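> can you look at this? It's an experimental structure, sequence on top.
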Amino acid sequence: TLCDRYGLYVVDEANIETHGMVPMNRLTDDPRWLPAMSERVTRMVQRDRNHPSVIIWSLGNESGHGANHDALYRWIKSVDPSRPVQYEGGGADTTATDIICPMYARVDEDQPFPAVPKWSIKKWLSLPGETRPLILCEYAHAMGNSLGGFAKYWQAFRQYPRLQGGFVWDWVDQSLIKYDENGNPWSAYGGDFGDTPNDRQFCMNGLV
Amino acid sequence: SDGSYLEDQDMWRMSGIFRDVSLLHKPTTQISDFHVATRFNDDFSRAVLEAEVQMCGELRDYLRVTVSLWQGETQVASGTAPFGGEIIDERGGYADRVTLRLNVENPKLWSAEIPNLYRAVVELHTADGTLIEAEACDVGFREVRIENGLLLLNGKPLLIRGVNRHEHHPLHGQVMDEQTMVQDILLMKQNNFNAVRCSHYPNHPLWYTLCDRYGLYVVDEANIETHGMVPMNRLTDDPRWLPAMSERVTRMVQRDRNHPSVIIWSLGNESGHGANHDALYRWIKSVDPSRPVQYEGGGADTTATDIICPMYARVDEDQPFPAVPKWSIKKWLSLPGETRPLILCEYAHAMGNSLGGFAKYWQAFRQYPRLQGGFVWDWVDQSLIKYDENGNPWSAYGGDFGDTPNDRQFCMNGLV
Ligand SMILES: OC[C@H]1O[C@@H](SCCc2ccccc2)[C@H](O)[C@@H](O)[C@H]1O
Ligand SMILES: OC[C@H]1O[C@@H](SCCc2ccccc2)[C@H](O)[C@@H](O)[C@H]1O
Ligand SMILES: [Mg+2]
């Protein structure tokens, strides 16, 4: 409602992420989990499809590429043809996305990982056969003293028509407040609650 | 002559009988044309050589054509037939043509790395075995196609290490001899070049034979350039010049279509974009579907080219001219709708102390699949020799012969 009234474009995303599985698509390639995944996608679309600010649907995040993703991509295109669908898993340019949507691809430097390479964004555009627009779903990881080389993304976005921008990672630090002996507040991060294992200060990636 | 309007190439303007003169004797019944084409299975393990032969003179029932294929001294394949093609339309077929098909198993493929050649002999003879006349040419088995935005040879993507070359000699002007041609080919291969662009007209016929034998890819180019017109397409958009332009394109293709080294046809150079170029692009695709056609005029990516072929586009910097912008080559590839390969028909102008930033092109060629290389401008300086008072020779350039107006030292752009 607030994004409709003030004016922001929204990507609305299904609650599906299976990052810690080995391999990452162990559940999203299994037909026994197709029921559980379909409730997460179909109920989001039935709730939010009347909002003008929602311009793109997303199938979730970091769950590899499985046949369950293709089935659900096609379900949304059929019930709601008025918005594109994006999905980054399985190398950011599978048959389950309308937009190439890499995370942390660099402007000029290739990172050739096996099965899921991250090409430079200028090169990705022109691979044999490729016609889709490119919008980075995560770029410029703002952890601590960061955003070096930000100008280099914005030079490329303005020069190439099919580079249509991206979403910085991310808005606000996820720190929590703890109290010392004198009752003075302090900012705490992973591991400060006796939680173990933990990922320490990786929870603070915000611009604010 | 009015033909001078179509020959405004950047070079010395000279005149005369500057190539060979010869007499040829043929019998009255004679081979008047022949074409050779090669087709492959998916992995290049089986080929069909198809030969079309046409005759002139009086057709008789006893006339026969034999085509044989030789590898060294070993005969590899042979075929024989009487005249009479298959039915073409409601009125019949060509009584004065025949098509032989020869199967070849595990052919050795031609490329610039390994220039394997066969020899095809065509014999017109009587049914009882008397020879009337024989003709022959060198055959290279290779396939050139564009697939999914890449130029492929024998199924693999090419990287063109090319140069532009003019026919120029400092003492003899535009007269080419064999010794000069061989010297240029050895120096090119010794400096890691694999391709040559005939800038900007068909070459002496011996050039294509040497490129077949030593191994260079050739772009063969029609003698059409109207650079000094305003606007540049004033003649190539006029239908009254369509006759003159079509003779320059159709006669080049009828002369050179049997050479394995010729892999790409070009419609000429710097003549804007006119409806005459579209008509002639389509003529070549129809008579010779086995080679791509390229043309740079009118902004390097018109409907008259299979390859985007800019001249002097930069690696990273755009040059946005009105109507005919030169995009950076990395950006050109990804413009909305664009799917073709990109090969620069001229880059890295080598005038005087030059080629700064050459490494930057080669970094981009190796990183982007659809950037498949380019032709440097150019091979040899076009200087001429003059003599001083003591008879000592010196190298001269535009304006040193009292020629005016002239373009001074712009005639020297060579790597040698
Ligand atoms: O803010 C951390 C980022 O971590 C990387 S995993 C690679 C880095 C990593 C892996 C394991 C523990 C800590 C960091 C994700 O791809 C991003 O979406 C984001 O969550
Ligand atoms: O070697 C000179 C080059 O000149 C430029 S025109 C622009 C430069 C120019 C124009 C008029 C006179 C002198 C140079 C051509 O496009 C090239 O193909 C090549 O011929
Ligand atoms: Mg010119």
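That came through, no problem. Residues are numbered from 1 along each chain as shown, chains lettered A, B, ... in the order given. Ligands and ions are numbered 1, 2, ... in the order given.
> does residue A:69 touch residue A:28 like I think?
Yes. Contact criterion C-beta atoms under 8 Å: residue A:69 and residue A:28 qualify, at 5.9 Å. All C-beta spots, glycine's among them, are computed from the backbone N, C-alpha and C.
> what touches both of the two?
Counting by C-beta atoms under 8 Å, 6 or more residues apart in numbering or on different chains, the common neighbours of residue A:69 and residue A:28 are A:63, A:89.
> residue A:106 - how many residues pack around it?
Here the number of neighbours of residue A:106 (other C-beta atoms under 10 Å in any protein chain shown) works out to 17.
> with adjacent residues omitted, what lies nearest to it?
residue A:120 (5.7 Å; C-beta to C-beta, 6 or more residues apart in numbering or on different chains).
> again with residue A:146
The shortest distance from residue A:146 to any non-neighbouring residue, by C-beta to C-beta, 6+ apart, is to residue A:140 (7.6 Å).
> ok so residue A:135 is a helix residue?
No. Residue A:135: not assigned to a helix; according to DSSP: H, G, I helix; E, B strand; the rest coil it is strand.
> now do the same contact list for it.
Contacts of residue A:135 (C-beta under 8 Å, 6+ apart): A:86, A:99, A:100, A:101, A:164, A:165, A:166, A:167.
> out of those, give me the one that has the most neighbours.
Neighbour max across the contacts of residue A:135 (other C-beta under 10 Å) = residue A:100, 27 neighbours.
> how much space between it and ligand 2?
36 Å (C-beta to the nearest ligand atom, to the nearest Å).
> and the helix or strand residue A:45 falls within, what's buried?
Assigned by DSSP states H and E, residue A:45 belongs to helix A:34-48. Buried residues in helix A:34-48, counted by 16 or more other C-beta atoms under 10 Å in any protein chain shown: A:34, A:37, A:41, A:44, A:45.
> pull up the pairing partners for the following helix or strand past that helix, direction included.
Next helix or strand after helix A:34-48 toward the C-terminus (DSSP H and E): strand A:54-58. Applying DSSP bridges, strand A:54-58 is found paired with strand A:10-13 (parallel), strand A:85-86 (parallel).
> centroid-nearest residue for chain A?
When C-alpha atoms, centre = their mean is applied to chain A, the residue found nearest the centroid is residue A:137 (4.6 Å).
> leaving out chain neighbours, which residue sits closest to it?
Residue A:137's closest residue in space is residue A:101 (C-beta to C-beta, 6+ apart), at 4.4 Å.
> so that neighbour sits against residue A:90, correct?
No. Under the criterion of C-beta under 8 Å, residue A:101 is not in contact with residue A:90, lying 11.4 Å apart.
> now do the contacts for residue A:108.
Residue A:108 touches A:120, A:122, A:152, counting by C-beta under 8 Å, 6+ apart.
> tell me where chain A has helices.
A:2-6, A:34-48, A:67-79, A:121-124, A:150-159 (DSSP state H).
> do you know which of those lies nearest ligand 2?
Closest to ligand 2 of those, according to C-beta to the nearest ligand atom: helix A:150-159, at 24.8 Å.
> for the closest one, what is the distance to the chain centroid?
In terms of C-alpha atoms, centre = their mean, to the nearest Å, the centre of helix A:150-159 is set 20 Å apart from its chain centre.
> that helix packs against which elements?
strand A:163-168 (3 or more C-beta pairs under 8 Å, 6 or more residues apart in numbering or on different chains; DSSP states H and E).
> the strand it packs on pairs with which strands?
strand A:134-139 (parallel).
> can you state the direction angle for the strand it pairs with and helix A:150-159?
160 degrees (axes from the mean of the first three to the mean of the last three C-alpha atoms, to 10 degrees).
> dump strand A:134-139 to PDB, restricted to CA.
Provided in PDB are the C-alpha atoms of strand A:134-139 (Å, rounded to 0.1, in the frame of the first residue of the first chain):
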ATOM      1  CA  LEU A 134      19.800  -8.100 -17.600                       C
ATOM      2  CA  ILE A 135      18.900  -6.800 -14.100                       C
ATOM      3  CA  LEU A 136      21.200  -7.900 -11.100                       C
ATOM      4  CA  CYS A 137      19.100  -9.200  -8.300                       C
ATOM      5  CA  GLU A 138      22.000  -8.500  -5.800                       C
ATOM      6  CA  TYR A 139      25.200  -6.500  -6.500                       C
END
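> centroid-wise, who is the farthest residue in chain A?
Here the centre of chain A is the reference, and by C-alpha atoms, centre = their mean the most remote residue is residue A:182, at 41.3 Å.
> look up how far residue B:246 lies from it.
Going from residue A:182 to residue B:246 by C-beta to C-beta, to the nearest Å gives 96 Å.
> and residue A:81, how many neighbours?
Residue A:81 has 8 nearby residues by other C-beta under 10 Å.
> can you check residue A:90 too?
Using other C-beta under 10 Å, the number of residues around residue A:90 comes to 21.
> same question, residue A:9
10.
> so who does it touch?
So residue A:9 contacts A:3, A:53, A:55, A:56 (C-beta under 8 Å, 6+ apart).
> was I right about residue A:173 contacting residue A:202?
No. Counting by C-beta under 8 Å, residue A:173 stays clear of residue A:202, with 11.0 Å between them.
> okay, these two: which has more neighbours?
Ranked by neighbour count (other C-beta under 10 Å), residue A:173 and residue A:202 place residue A:173 first, with 17 against 12.
> contact partners for the residue nearest to residue A:146?
Contacts of residue A:140 by C-beta under 8 Å, 6+ apart are A:146, A:147, A:149, A:150, A:153, A:166, A:168, A:169.
> how about those in JSON lines, adding distance to ligand 2?
Shown next, in JSON lines, are the contacts of residue A:140 (distance: C-beta to the nearest ligand atom, whole Å):
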{"residue": "A:146", "distance to ligand 2": "47"}
{"residue": "A:147", "distance to ligand 2": "43"}
{"residue": "A:149", "distance to ligand 2": "37"}
{"residue": "A:150", "distance to ligand 2": "39"}
{"residue": "A:153", "distance to ligand 2": "35"}
{"residue": "A:166", "distance to ligand 2": "39"}
{"residue": "A:168", "distance to ligand 2": "44"}
{"residue": "A:169", "distance to ligand 2": "47"}
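> closest one of the residues you listed to ligand 3?
For the contacts of residue A:140, the minimum distance to ligand 3 (C-beta to the ion) is 40.0 Å, reached by residue A:153.
> my guess is that closest one meets residue A:107, correct?
Yes. Counting by C-beta under 8 Å, residue A:153 does reach residue A:107; the two are 6.0 Å apart.
> what's residue A:194 sitting at in phi/psi?
Torsion angles at residue A:194 (phi, psi; degrees, to the nearest 10) stand at phi 80, psi 0.
> meant to ask about residue A:129
Torsion angles at residue A:129 (phi, psi; degrees, to the nearest 10) stand at phi 100, psi -30.
> look up how far ligand 2 lies from it.
33 Å.
> isn't residue A:111 right up against residue A:124?
No. Residue A:111 lies out of contact with residue A:124 (C-beta under 8 Å); the separation is 11.4 Å.
> common neighbours of these two, please.
With C-beta under 8 Å, 6+ apart as the test, residue A:111 and residue A:124 both reach residue A:105.
> these two: which has the busier surroundings?
Higher neighbour count among residue A:111 and residue A:124: residue A:124, with 22 against 13, using other C-beta under 10 Å.
> residue A:18 against residue A:29, yeah?
No. The criterion here is C-beta under 8 Å, and residue A:18 misses it with residue A:29 at 10.3 Å.
> now do the shared contacts for the two.
Shared contacts of residue A:18 and residue A:29 (C-beta under 8 Å, 6+ apart): residue A:64.
> how close does residue A:13 get to ligand 2?
52 Å.
> the closest residue to that residue other than its chain neighbours pairs with what?
The spatial neighbour of residue A:13 that comes closest, neighbours along the chain excluded (C-beta to C-beta, 6+ apart), is residue A:58 at 4.0 Å. Beta-bridge pairing of residue A:58 under DSSP bridges involves residue A:13, residue A:86.
> fine by me, we can end here.
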